[PDB]
Amino acid sequence: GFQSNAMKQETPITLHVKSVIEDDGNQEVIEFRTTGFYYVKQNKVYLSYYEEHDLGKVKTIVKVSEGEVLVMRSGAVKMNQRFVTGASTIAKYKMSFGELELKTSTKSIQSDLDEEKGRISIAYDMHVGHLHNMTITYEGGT
């Protein structure tokens with residue numbers, strides 16, 4: 001019943017999330033580090049952690065499948081961002097005071113994941129309508 005019951009190989013991890021972004025002439029590299037958990041449900045890998053937004057705490061669950069990654073944010077930002085290689089998806093970016101649809105066009109996804117270390121790399125374009133290369137890496141421990 002509870003999703004916690006189906007969690008296998010739960011492992012505390014240290015995470016590093018790095019994005020290279022280009023937007024109408026501007027270039028930025030943004031990265032963050034925090035701790036969290038690696039686990040498996042129904043033979044798919046999940047990463048769970050929290051991140052900080054200006055408006056407060058966000059809970060983030062990353063679900064990795066063949067050819068697709070789902071990043072579920074909740075709390076100060078609510079968005080289920082669905083990365084599908086070679087396709088575009090739309091999702092609501094919702095805050096306490098309103099919402100806006102964002103379109104995600106994914107070019108490529110690479111993942112290599114286990115309970116000791118892993119990497120997910122996603123190249124994608126965003127817009128309200130912005131080139132992004134996001135790499136999530138983690139190591140088991142602390």
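Note that the numbering runs from 1 along the sequence shown for the chain. When reading the values below, keep in mind they use all heavy atoms of this one structure, side chains included, and skip hydrogens, waters and symmetry mates.
- A pairwise comparison of heavy atoms in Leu47 and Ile136 identifies CD1-CG2, 4.0 Å as the closest pair.
- Atom CD of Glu139 is surrounded by 12 or fewer heavy atoms from other residues, nucleotides or ligands within 6.0 Å.
- Between the CG atom of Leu113 and the OG1 atom of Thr137 there is a distance of 11.0 Å, given to the nearest 0.5 Å.
- A salt bridge is absent between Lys103 and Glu101; no separation between the charged side-chain nitrogens and carboxylate oxygens falls under 4.0 Å.
- By the rule that hydrophobic residues join a cluster once side-chain heavy atoms approach within less than 4.5 Å of another member, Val62 and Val40 end up as members of one cluster.
- Counted by atom type alone, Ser74 and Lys59 present zero donor-acceptor pairs between their side chains at under 3.5 Å.
- Once rounded to the nearest 0.5 Å, the distance linking CZ of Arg119 with NE2 of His16 reads 11.0 Å.
- Contact annotation: the side chain of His53 approaches that of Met95 to within less than 4.5 Å [non-hydrogen atoms, C-beta and beyond].
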Candidate pair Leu55 and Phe97, rule side-chain contact (heavy atoms from CB on, under 4.5 Å), full reasoning: CA-CA 11 Å; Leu55 301 184; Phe97 51 78; 3.7 Å; yes
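- The minimum heavy-atom distance between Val58 and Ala76, with the atom names listed, is CG2-CB, 4.0 Å.
- In this structure, the separation between NZ on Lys92 and CG on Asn80 is 11.0 Å, given to the nearest 0.5 Å.
- The two residues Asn133 and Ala123 make their nearest non-hydrogen contact at ND2-CB, 3.8 Å.
- At a threshold of 4.5 Å between side-chain heavy atoms, the hydrophobic network of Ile, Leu, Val, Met, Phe, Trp and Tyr places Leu70 and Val84 in two separate groups.
- Contact annotation: the side chain of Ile122 approaches that of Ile109 to within less than 4.5 Å [non-hydrogen atoms, C-beta and beyond].
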Trace of the side-chain hydrogen bond (donor to acceptor under 3.5 Å, both in side chains) decision for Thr60 with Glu51: CA-CA 7 Å; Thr60 305; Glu51 51 190 294; 2.7 Å; yes
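- Contact annotation: the side chain of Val45 never approaches that of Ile120 to less than 4.5 Å [non-hydrogen atoms, C-beta and beyond].
- If you take OG on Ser111 and CD on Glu68, they are separated by 11.5 Å, rounding to the nearest 0.5 Å.
- Grouping the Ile, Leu, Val, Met, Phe, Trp and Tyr side chains by contacts below 4.5 angstrom, directly or via other members, places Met126 apart from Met72.
- Side-chain contact between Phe83 and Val71: present, with at least one pair of heavy atoms (C-beta onward) separated by less than 4.5 Å.
- Remark: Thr135 OG1 to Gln110 CD distance equals 8.5 Å, nearest 0.5 Å.
- Side-chain atoms of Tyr93 and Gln81, non-hydrogen and from C-beta on, never get closer than 4.5 Å to each other.
- Side-chain contact check for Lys63 versus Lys41: every heavy-atom pair is 4.5 Å or farther apart.
- More than 12 heavy atoms of other residues, nucleotides or ligands lie within 6.0 Å of CD in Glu52, so this atom counts as buried by the packing criterion.
- Remark: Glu31 CD to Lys18 NZ distance equals 4.5 Å, nearest 0.5 Å.
- With contacts defined as side-chain heavy-atom distances shorter than 4.5 Å, the pair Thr14/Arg33 does not qualify.
- Classified by interplanar angle (parallel below 30°, tilted 30° to 60°, perpendicular above 60°), the ring pair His132/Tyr124 is parallel.
- If you chain together hydrophobic residues whose side chains sit under 4.5 Å apart, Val64 and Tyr39 never meet in one group.
- Using a 4.5 Å heavy-atom threshold, the side chains of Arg82 and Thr104 count as separate.
- Residues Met79 and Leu100 share a single hydrophobic cluster, defined by chaining ILVMFWY side chains whose heavy atoms lie under 4.5 Å apart.
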side-chain contact (heavy atoms from CB on, under 4.5 Å) between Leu102 and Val128, worked out: CA-CA 5 Å; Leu102 294 184; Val128 176; 3.5 Å; yes
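- In this structure, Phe32 and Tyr49 have tilted ring planes: the angle between them lies in the 30° to 60° band.
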